[PDB]
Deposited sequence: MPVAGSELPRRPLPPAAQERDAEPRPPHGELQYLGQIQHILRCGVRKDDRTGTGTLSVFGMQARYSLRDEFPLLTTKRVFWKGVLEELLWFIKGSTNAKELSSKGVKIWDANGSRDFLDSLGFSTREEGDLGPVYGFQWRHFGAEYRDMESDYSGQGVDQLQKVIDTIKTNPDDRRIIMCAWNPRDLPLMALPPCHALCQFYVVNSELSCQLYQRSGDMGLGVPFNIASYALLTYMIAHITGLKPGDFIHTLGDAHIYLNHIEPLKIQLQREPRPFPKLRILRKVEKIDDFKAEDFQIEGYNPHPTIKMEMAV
């Protein structure tokens, strides 16, 4: 079968061959509605035509599981991707003055384990408050794997205003058939250049983690896009990437048996056979 990465690339071509020109501007070729499927059967979708910040992926996900909404908690691990939206300055440009530095608000972490609970600050303890979606999802996979209501949604219209940054991961569904676990992510906005690759890895990792705990095997991962765009700043770099030939995907391994989703630790994972192409500038 066709190397999975070809889909991501097959899309970049489309965004350019049919994307229409159009915050902070910077320009962008957009497209509306796309879907790519990546296999998780004895392989992990970690694009090779360009290196992917695996540590960021793995370290950020574990950060969501905890339900943490503190940018600092994640940066203290070396991943500074969420710091910008945590700086005292930014929080101010949003009206959030009483807000402590590092507080992102009811973002992913909060939505995943305390959906619906009234948000206060990153320190407050929301235990027993809200709906623990991540856990309910795991529980259903276990007792009713044929359920078509296994959905985890981070889009809370009532909390959007309090967020330092709106979700680009409205929701994701889980599917179980023949002992194989699949997941479909619905991204409202995707930066094909510096985001989608990270995103693919992010949710494919979650599927593995979930499949491990439910005692199932990973299947497919459907990445569905709403507004897929390319920033003109990447029109060149990417044009070079397309040149590159996709190398066989690496493999993910869970070095130890784990019971609860929270018990997962960074050291529990290993990426073997990851041979990505060089890195120019982007």
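In sequence order, the deposited residues that have no C-alpha coordinates form the ranges 1 to 25, 48 to 49, 310 to 313.
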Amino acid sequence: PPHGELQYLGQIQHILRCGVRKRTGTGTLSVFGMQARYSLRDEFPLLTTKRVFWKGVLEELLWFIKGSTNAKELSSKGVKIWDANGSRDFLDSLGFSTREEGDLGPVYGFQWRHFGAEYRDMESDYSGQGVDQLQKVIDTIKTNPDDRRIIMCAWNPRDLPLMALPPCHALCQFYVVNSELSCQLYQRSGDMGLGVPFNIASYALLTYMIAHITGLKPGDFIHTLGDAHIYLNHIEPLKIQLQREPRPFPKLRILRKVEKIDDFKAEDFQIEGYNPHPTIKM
From here on, numbers count along this sequence of modelled residues.
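Looking at mean Cα B-factors across 189 to 197 and 206 to 214, the upper value is held by 189 to 197. The stretch 228 to 236 shows the higher mean C-alpha B-factor when 59 to 67 is compared against 228 to 236 in the entry. Out of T98, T140, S182, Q133, the entry records its largest CA B-factor for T98. Based on the entry's C-alpha B-factors, the most elevated value among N156, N144, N85, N178 belongs to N85. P45: CA B factor lies in the middle third for its chain, per the PDB record. Among the modelled residues of the chain, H169 sits in the middle third by CA temperature factor in this PDB entry. The entry lists a Cα temperature factor for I150 that places it in the lowest third of the chain's modelled residues. In the deposited entry, the Cα temperature factor of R253 sits in the middle third of values across the chain's modelled residues. Ranked against the other modelled residues of its chain, the C-alpha B-factor of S124 as given in the entry falls in the highest third.
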